[PDB]
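Novice: Provided herewith is a single structure, encoded as structure tokens, for subsequent inquiry.
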Amino acid sequence: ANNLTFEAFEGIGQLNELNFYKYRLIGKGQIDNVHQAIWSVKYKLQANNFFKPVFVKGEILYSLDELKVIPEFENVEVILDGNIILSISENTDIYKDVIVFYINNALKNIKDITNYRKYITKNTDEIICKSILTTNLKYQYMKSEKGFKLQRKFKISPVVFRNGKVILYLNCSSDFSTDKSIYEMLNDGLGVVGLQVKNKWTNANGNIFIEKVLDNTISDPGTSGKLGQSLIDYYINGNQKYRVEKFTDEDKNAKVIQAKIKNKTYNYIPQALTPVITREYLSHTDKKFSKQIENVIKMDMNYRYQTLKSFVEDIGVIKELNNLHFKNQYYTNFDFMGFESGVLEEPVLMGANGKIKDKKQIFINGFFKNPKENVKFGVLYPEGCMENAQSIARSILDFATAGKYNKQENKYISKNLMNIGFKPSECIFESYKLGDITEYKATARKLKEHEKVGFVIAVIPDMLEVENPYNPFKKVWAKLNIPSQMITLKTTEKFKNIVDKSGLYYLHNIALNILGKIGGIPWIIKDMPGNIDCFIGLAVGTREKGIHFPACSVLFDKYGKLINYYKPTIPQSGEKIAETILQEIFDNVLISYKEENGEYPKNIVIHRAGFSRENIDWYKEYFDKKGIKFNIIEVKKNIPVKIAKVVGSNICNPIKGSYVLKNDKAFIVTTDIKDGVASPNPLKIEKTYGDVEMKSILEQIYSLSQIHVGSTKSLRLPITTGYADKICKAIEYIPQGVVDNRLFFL
DNA sequence: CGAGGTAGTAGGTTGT
DNA sequence: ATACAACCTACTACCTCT
Ligand SMILES: [Mg+2]
């Protein structure tokens, strides 16, 4: 049978219990935060003793070497409390940290060809390797002319069992950084007025956008924010005087820089500031380098295994532990743990006429449902290039009818697919100028005068100073119950030439999107588990600090016959959904379900994007009083865990529908990634409270992922949570009032 | 803003 | 320099599409 595993290596040597100087923490006075206090104590304490190691369990610190130098804290006292050896059986948590320390220790001393060490080790989970490993294991440094060091970055997660045996779960990813401090850029003369910056010395924050340069040197007094302290004297008086301990006289006369951060202004030192390195900045500064590293940053599963294997080999033998070393291959299975491997049978979609062999052929089978006939449509073209607009309109039109491509053709597209308008002398398409947001809103208001205009098509110019009207057009047509299908000007310039067929993959999407932006639905599931009558998902998107927008989407049937969505009325200011918002959402959804089908549903299943930290007792009370059985499932999509398929001695990307399951806890891959260049990112699936069995839940989630109506390509997310994510991405352009049969966000 | 996914970068919100 | 862990959000490069 089929199988696969995690990227993790067996630990060979069985562990050995060992001794510890154990310190107790007794507080004296008031402490604002218990945990900040404990960890500050640990860090300062180990910093005084030649950077020796300390490991925290609860409120007790443990060390293996003696901490002779103990500093005084006014808010907390450290008491000695003897010396004890810790049993492995009950202190897995501590021995894991010990193992991470000894891994950092084993890797610290490694030096490569270049005379300085290979790995950047901070004795944390994260270990940066200075040289990235190429496809043929060439082990070459990669660094463009202007800084832009690229480095592999290994996250360690070792797990210690109650018995001695250990397993080492491993992960890795890329990282961009620069050596050139902003002071160097000021010497070399490169403008620095607006670049995003990262403060190296303090690791304070990001979003440190430079506001302006300062004429005052950093030598001048009061240059630091703190009263009567110079910027150079600031670091001197702080415990970190080693940042400026010995400075050049030119450094003292080096000009300050002042940066506005988060709508606040701060004074920072040039020598302490390195520019933030993001793919946009990389692209605009060094175009060729981003392309060069493109193949590198995305890693095939076998490539992953090769890099991780080099890492583990470099760890080698840990003499400090009982000759602990890690095996050179993944586990073939994880069946020794509760996990079972499997592959999900692909779901069967239904076209209008019958079973569809492939998504791209749903046009032969017909869309499952089509609205009332001849819903008009009109276009808006910018003044400059209207010709394009005409060229696209007919093309779109010819697609809905028999004549899909430039030459009328039924040989890959069906005839009379969807009942749409004809763009006649009523609701005409007209020109509009650019450069005025208010005038954009004004043109979209002009749209209101034309009676029964139906869905709208606009052409937007490619972006600068244009301030593209996607958002104002979206908003004005969102106030009214008017759907919109803005289209790129460049995608329009495509359609004039008859050179290629690639237009179809464009059209496929557009058409689908268009049919989805009306009540029409392209396809359905033949065979679903079927116990559930109604599916619901929700997610919260937050654009600004302390502003949370919930959102919800619903299927009123297992098969996915009808999709609806409820945008909330008011914000939340917190990830945990407010109970009032829950009342609102479920009131509206259940009322709309009662109206359409007659009454409330028998039982229901819900998908929460994040953790379902919602009060579960409110759910239980609500539904029990309505006599509704329900299941709560969380669909977590930003995990660092990757998953690999093992066949014999080979490791590849898992096919679409690969799943691993433990009781109520599972991983699933919902995408199809070629084994060539990338590796799919799965998503955690958990069931906090529910009645439906796990396998059925997983099959439903995979199905809902594949039913994505917006395009042929299956959505990685399930429809339930994915549409909530779309809503959250564009909250303002979506009609908030009530559930609407048509879909605005696609 | 054809669509979708992987990859960086930065910040946030919960519950131990 | 230092509160951690898990999970979110936003933005943008790239790349490909019977
Ligand atoms: Mg759309």
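The way I read the labels, and the way they are meant: chains A, B, ... in the order of the structure tokens, residue 1 as the first residue of every chain, and ligand 1 as the first ligand shown, with later ones counted on from there.
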Let me see if you get this right: every residue at most 8 Å from ligand 1, counting only C-alpha atoms (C1' of nucleotides) and all ligand atoms, written as number ranges by chain.

Specialist: A: 484-486, 510, 513-514, 517, 710, 744-746

Novice: Store the residues picked out above, limited to N, CA, C and O atoms, as a PDB file, in the first residue's frame.

Specialist:
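File written: part_7.pdb
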ATOM      1  N   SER A 484     -18.933  42.895 -11.029  1.00  0.00           N
ATOM      2  CA  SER A 484     -17.919  43.508 -11.879  1.00  0.00           C
ATOM      3  C   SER A 484     -16.786  42.539 -12.208  1.00  0.00           C
ATOM      4  O   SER A 484     -16.441  41.665 -11.412  1.00  0.00           O
ATOM      5  N   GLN A 485     -16.200  42.722 -13.397  1.00  0.00           N
ATOM      6  CA  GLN A 485     -15.168  41.840 -13.946  1.00  0.00           C
ATOM      7  C   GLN A 485     -14.030  42.657 -14.576  1.00  0.00           C
ATOM      8  O   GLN A 485     -13.741  42.556 -15.766  1.00  0.00           O
ATOM      9  N   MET A 486     -13.438  43.567 -13.797  1.00  0.00           N
ATOM     10  CA  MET A 486     -12.272  44.317 -14.262  1.00  0.00           C
ATOM     11  C   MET A 486     -11.229  43.396 -14.886  1.00  0.00           C
ATOM     12  O   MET A 486     -10.972  42.297 -14.390  1.00  0.00           O
ATOM     13  N   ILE A 510     -11.812  33.606 -16.823  1.00  0.00           N
ATOM     14  CA  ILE A 510     -12.727  34.745 -16.905  1.00  0.00           C
ATOM     15  C   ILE A 510     -14.167  34.255 -16.890  1.00  0.00           C
ATOM     16  O   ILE A 510     -14.939  34.558 -15.971  1.00  0.00           O
ATOM     17  N   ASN A 513     -15.094  32.831 -13.564  1.00  0.00           N
ATOM     18  CA  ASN A 513     -15.267  33.982 -12.690  1.00  0.00           C
ATOM     19  C   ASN A 513     -16.588  34.687 -12.985  1.00  0.00           C
ATOM     20  O   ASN A 513     -17.403  34.909 -12.082  1.00  0.00           O
ATOM     21  N   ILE A 514     -16.844  34.975 -14.265  1.00  0.00           N
ATOM     22  CA  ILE A 514     -18.068  35.675 -14.647  1.00  0.00           C
ATOM     23  C   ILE A 514     -19.294  34.875 -14.222  1.00  0.00           C
ATOM     24  O   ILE A 514     -20.205  35.405 -13.571  1.00  0.00           O
ATOM     25  N   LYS A 517     -19.618  35.160 -10.679  1.00  0.00           N
ATOM     26  CA  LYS A 517     -20.060  36.481 -10.258  1.00  0.00           C
ATOM     27  C   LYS A 517     -21.539  36.707 -10.535  1.00  0.00           C
ATOM     28  O   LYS A 517     -22.076  37.763 -10.182  1.00  0.00           O
ATOM     29  N   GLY A 710     -14.066  29.450  -9.152  1.00  0.00           N
ATOM     30  CA  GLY A 710     -13.431  30.580  -9.816  1.00  0.00           C
ATOM     31  C   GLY A 710     -12.535  30.196 -10.980  1.00  0.00           C
ATOM     32  O   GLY A 710     -12.386  30.965 -11.933  1.00  0.00           O
ATOM     33  N   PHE A 744     -19.178  37.927  -5.336  1.00  0.00           N
ATOM     34  CA  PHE A 744     -18.520  39.153  -5.769  1.00  0.00           C
ATOM     35  C   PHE A 744     -17.001  39.065  -5.769  1.00  0.00           C
ATOM     36  O   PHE A 744     -16.349  39.841  -6.480  1.00  0.00           O
ATOM     37  N   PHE A 745     -16.427  38.146  -4.999  1.00  0.00           N
ATOM     38  CA  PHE A 745     -15.004  38.167  -4.686  1.00  0.00           C
ATOM     39  C   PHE A 745     -14.142  37.418  -5.692  1.00  0.00           C
ATOM     40  O   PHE A 745     -12.938  37.690  -5.773  1.00  0.00           O
ATOM     41  N   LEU A 746     -14.715  36.485  -6.446  1.00  0.00           N
ATOM     42  CA  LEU A 746     -13.948  35.663  -7.380  1.00  0.00           C
ATOM     43  C   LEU A 746     -13.187  36.510  -8.394  1.00  0.00           C
ATOM     44  O   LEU A 746     -11.991  36.311  -8.612  1.00  0.00           O
TER      45      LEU A 746
END

Novice: Please return, as a CSV table (one decimal) with N, CA, C and O atoms (P, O5', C5', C4', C3', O3' and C1' of nucleotides), in the first residue's frame, all residues of chain C lying within 7 Å of chain A when only C-alpha atoms (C1' of nucleotides) are considered.

Specialist:
chain,number,residue,atom,x,y,z
C,1,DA,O5',22.0,45.5,24.8
C,1,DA,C5',21.5,44.1,24.9
C,1,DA,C4',20.3,43.9,24.1
C,1,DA,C3',19.4,42.8,24.6
C,1,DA,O3',18.3,43.4,25.4
C,1,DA,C1',20.0,42.4,22.3
C,3,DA,P,12.0,40.0,26.7
C,3,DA,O5',11.4,38.6,27.0
C,3,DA,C5',12.1,37.4,27.0
C,3,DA,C4',11.4,36.3,26.2
C,3,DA,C3',10.9,36.7,24.9
C,3,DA,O3',11.8,36.4,23.8
C,3,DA,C1',9.2,35.6,26.2
C,7,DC,P,-0.1,24.7,15.0
C,7,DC,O5',-1.3,25.8,14.6
C,7,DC,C5',-1.0,26.7,13.6
C,7,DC,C4',-1.8,28.0,13.8
C,7,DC,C3',-2.0,28.8,12.5
C,7,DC,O3',-3.1,28.4,11.8
C,7,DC,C1',-1.3,30.2,14.4
C,8,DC,P,-3.5,29.1,10.4
C,8,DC,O5',-4.0,30.5,10.8
C,8,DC,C5',-3.7,31.6,9.9
C,8,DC,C4',-4.2,32.9,10.6
C,8,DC,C3',-4.0,34.1,9.7
C,8,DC,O3',-5.2,34.4,9.0
C,8,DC,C1',-2.9,34.4,11.8
C,9,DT,P,-5.2,34.5,7.4
C,9,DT,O5',-4.9,36.1,7.2
C,9,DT,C5',-5.6,37.0,8.1
C,9,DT,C4',-4.8,38.3,8.2
C,9,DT,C3',-4.2,38.8,6.8
C,9,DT,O3',-5.2,39.6,6.2
C,9,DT,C1',-2.5,38.9,8.5
C,10,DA,P,-5.2,39.7,4.6
C,10,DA,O5',-4.0,40.7,4.3
C,10,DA,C5',-4.0,42.0,4.8
C,10,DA,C4',-2.7,42.6,4.6
C,10,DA,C3',-2.2,42.6,3.2
C,10,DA,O3',-2.5,43.8,2.5
C,10,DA,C1',-0.4,41.9,4.7
C,12,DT,P,1.7,45.2,-3.5
C,12,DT,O5',2.9,44.2,-4.0
C,12,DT,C5',4.2,44.7,-4.0
C,12,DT,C4',5.1,43.5,-4.2
C,12,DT,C3',4.9,42.7,-5.4
C,12,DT,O3',5.3,43.3,-6.7
C,12,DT,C1',5.5,41.3,-3.6
C,13,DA,P,6.9,43.5,-7.1
C,13,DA,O5',7.5,42.1,-7.0
C,13,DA,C5',8.3,41.6,-8.0
C,13,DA,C4',9.2,40.4,-7.5
C,13,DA,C3',9.6,39.4,-8.6
C,13,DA,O3',11.0,39.4,-8.7
C,13,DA,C1',8.6,38.3,-6.7
C,14,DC,P,11.6,39.0,-10.1
C,14,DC,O5',11.6,37.4,-10.1
C,14,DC,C5',10.7,36.8,-11.0
C,14,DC,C4',10.4,35.4,-10.6
C,14,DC,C3',9.9,34.5,-11.7
C,14,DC,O3',10.9,33.6,-12.0
C,14,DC,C1',8.5,34.3,-9.8
C,17,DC,P,3.1,24.8,-18.6
C,17,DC,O5',1.5,24.9,-18.6
C,17,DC,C5',0.8,24.3,-17.5
C,17,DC,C4',-0.6,24.9,-17.4
C,17,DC,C3',-1.5,24.9,-18.6
C,17,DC,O3',-2.4,23.8,-18.5
C,17,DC,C1',-1.5,27.1,-17.6
C,18,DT,P,-2.0,22.4,-19.2
C,18,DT,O5',-2.9,22.3,-20.5
C,18,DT,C5',-2.7,21.3,-21.4
C,18,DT,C4',-4.0,20.3,-21.5
C,18,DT,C3',-4.0,19.4,-22.7
C,18,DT,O3',-3.8,18.1,-22.3
C,18,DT,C1',-6.1,20.5,-22.2

Novice: Would you mind reading off the distance between atom CA of residue A:725 and atom CA of residue A:469, one decimal, in Å?

Specialist: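 That distance, rounded to one decimal, is 22.3 Å.
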
Novice: Expressed in Å to a single decimal, how great is the separation between atom CA of residue A:375 and atom CA of residue A:481?

Specialist: 13.7 Å

Novice: So, with only C-alpha atoms (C1' of nucleotides) as the atoms that count, which of A:574, A:676, A:354, A:737 lies closest to residue B:13?

Specialist: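 Among A:574, A:676, A:354, A:737, it is A:574 that comes nearest to residue B:13.
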
Novice: Skip residue A:206 itself and residues of its chain fewer than 4 positions away, then list as number ranges by chain all residues within 10 Å of it, counting only C-alpha atoms (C1' of nucleotides).

Specialist: A: 196-199, 261-262, 276; B: 9-11

Novice: May I have the residues from that selection written out with N, CA and C atoms (P, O5', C5', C4', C3', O3' and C1' of nucleotides), as a PDB file, in the first residue's frame?

Specialist:
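Contents of result-v1.pdb, as written:
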ATOM      1  N   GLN A 196      13.194  50.828   3.271  1.00  0.00           N
ATOM      2  CA  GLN A 196      12.881  50.164   4.527  1.00  0.00           C
ATOM      3  C   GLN A 196      14.162  49.683   5.185  1.00  0.00           C
ATOM      4  N   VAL A 197      14.222  49.802   6.510  1.00  0.00           N
ATOM      5  CA  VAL A 197      15.433  49.489   7.251  1.00  0.00           C
ATOM      6  C   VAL A 197      15.099  48.569   8.420  1.00  0.00           C
ATOM      7  N   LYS A 198      16.111  47.818   8.848  1.00  0.00           N
ATOM      8  CA  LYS A 198      16.034  46.907   9.978  1.00  0.00           C
ATOM      9  C   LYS A 198      17.159  47.263  10.933  1.00  0.00           C
ATOM     10  N   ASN A 199      16.827  47.446  12.207  1.00  0.00           N
ATOM     11  CA  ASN A 199      17.825  47.831  13.200  1.00  0.00           C
ATOM     12  C   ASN A 199      18.525  46.575  13.702  1.00  0.00           C
ATOM     13  N   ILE A 261       8.643  55.675  11.928  1.00  0.00           N
ATOM     14  CA  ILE A 261       8.213  54.286  12.040  1.00  0.00           C
ATOM     15  C   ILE A 261       6.819  54.261  12.653  1.00  0.00           C
ATOM     16  N   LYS A 262       5.889  53.597  11.966  1.00  0.00           N
ATOM     17  CA  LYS A 262       4.526  53.395  12.453  1.00  0.00           C
ATOM     18  C   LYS A 262       3.885  54.718  12.870  1.00  0.00           C
ATOM     19  N   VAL A 276      16.207  46.564   4.870  1.00  0.00           N
ATOM     20  CA  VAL A 276      15.421  45.344   4.741  1.00  0.00           C
ATOM     21  C   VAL A 276      15.526  44.833   3.314  1.00  0.00           C
TER      22      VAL A 276
ATOM     23  P    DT B   9      13.555  36.418   4.598  1.00  0.00           P
ATOM     24  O5'  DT B   9      12.774  37.783   4.835  1.00  0.00           O
ATOM     25  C5'  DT B   9      13.121  38.914   4.055  1.00  0.00           C
ATOM     26  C4'  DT B   9      12.080  39.997   4.197  1.00  0.00           C
ATOM     27  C3'  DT B   9      11.558  40.179   5.605  1.00  0.00           C
ATOM     28  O3'  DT B   9      12.421  41.026   6.337  1.00  0.00           O
ATOM     29  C1'  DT B   9       9.762  40.199   4.045  1.00  0.00           C
ATOM     30  P    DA B  10      12.484  40.901   7.935  1.00  0.00           P
ATOM     31  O5'  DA B  10      11.109  41.559   8.416  1.00  0.00           O
ATOM     32  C5'  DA B  10      10.869  42.945   8.184  1.00  0.00           C
ATOM     33  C4'  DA B  10       9.411  43.309   8.403  1.00  0.00           C
ATOM     34  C3'  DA B  10       8.807  42.838   9.706  1.00  0.00           C
ATOM     35  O3'  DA B  10       9.174  43.692  10.768  1.00  0.00           O
ATOM     36  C1'  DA B  10       7.278  42.485   7.939  1.00  0.00           C
ATOM     37  P    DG B  11       8.970  43.190  12.281  1.00  0.00           P
ATOM     38  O5'  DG B  11       7.393  43.256  12.502  1.00  0.00           O
ATOM     39  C5'  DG B  11       6.725  44.513  12.464  1.00  0.00           C
ATOM     40  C4'  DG B  11       5.245  44.309  12.224  1.00  0.00           C
ATOM     41  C3'  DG B  11       4.437  44.076  13.485  1.00  0.00           C
ATOM     42  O3'  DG B  11       3.772  45.277  13.837  1.00  0.00           O
ATOM     43  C1'  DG B  11       3.923  42.427  11.788  1.00  0.00           C
TER      44       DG B  11
END

Novice: Quick one: DSSP strand (DSSP E) residues in stretch 247-482 of chain A, as a ChimeraX atom specification?

Specialist: /A:255-261,264-268,273-275,326-330,340-343,349-350,378-382,430-432,456-460
